[PDB]
Amino acid sequence: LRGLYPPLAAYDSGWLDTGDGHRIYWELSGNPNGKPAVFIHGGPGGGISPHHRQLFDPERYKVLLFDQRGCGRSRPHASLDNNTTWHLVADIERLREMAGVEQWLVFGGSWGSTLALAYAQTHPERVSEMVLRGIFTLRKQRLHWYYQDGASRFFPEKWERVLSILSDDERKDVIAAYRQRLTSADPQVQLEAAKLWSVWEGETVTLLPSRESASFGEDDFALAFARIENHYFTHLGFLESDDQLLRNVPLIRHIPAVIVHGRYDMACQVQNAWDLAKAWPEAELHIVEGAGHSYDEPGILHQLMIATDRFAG
Ligand SMILES: CNCC(=O)c1nnc(C(C)(C)C)o1
């Protein structure tokens, strides 16, 4: 099974001012002359990690990675002002011009696949190929499954904790209920809800439980992760339609793509990958048996490495 390339430092980085109150962190890694690529992290509000650099051949790829508005090293931290899908799409173009790339490969998993599609459908001309994982299209059915009733039936003992702070009436709409707490004037109230919401996801993203899931509880990370995720979901990803992303696939069918999705991905159901593949015949679909949601699930990682090497030779 293929694994990550060895660790390496970014050869350059900085902060880009959006002009509307955001200074977003970015970093360039790999080969300054290599094939251009951009990494879209998940969440939203997930942030990048040094390991994401190791997802591409160090000598064949010029990888630009960045923290989306409000998370990671991007300032202001946990900010919900001017934080929408369309601003992020704008930011990607901005970052593209700066790095001086004419066209690049878009790599994105989970929310990253969502923003990748929105971006690709908005600027088809700028995408050479796409490597998508754990498809998430933001349909209400997708949000209901993960935050109202669905995954809850596979992890009832964990879902009981998420509901613990809610009154019986609030339980009918968990997203809305958490939205109030996450936007409370009391930071202690915000953090309590933020931790619960983040750990729920941290513990259901892998096939088997891992200690790693506890890092989703760190105050600063949890706070921005929850606020931003909940923000985007509260507004249905800022899409015109429930199925806008599937409805506009015609605009990118001509683009080479690979779709990797764990059979037992509990955050995003395989159904999403199947629906996408049905509308996108050209795309190469890979349903990884025995795998969960996370990019580092042995079987999912294997297909991603093979996918990136393939597009680079
Ligand atoms: C509903 N939130 C799922 C999501 O977009 C997400 N959370 N973590 C990830 C990565 C696997 C990309 C780290 O994606």
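The numbering of chain A matches Swiss-Prot: 4-316, in order.
Cβ from N, Cα, C; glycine included.
The Cβ of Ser113 (active site, nucleophile) has 26 other Cβ atoms within 10 Å, all protein chains considered. Annotated active site, nucleophile per Swiss-Prot: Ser113, in sequence order.
Sequence annotations record features per position, and here Swiss-Prot assigns active site to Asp268. Around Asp268 (active site), the C-beta neighbours below 8 angstroms that are at least 6 residues distant in the chain are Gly137, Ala294, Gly295, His296.
Around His296 (active site, proton donor), a 10 Å sphere centred on its CB holds 24 further CB atoms from the protein chains shown. The active site, proton donor annotation in Swiss-Prot covers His296.
Here Swiss-Prot flags 41-296 as domain 'AB hydrolase-1'.
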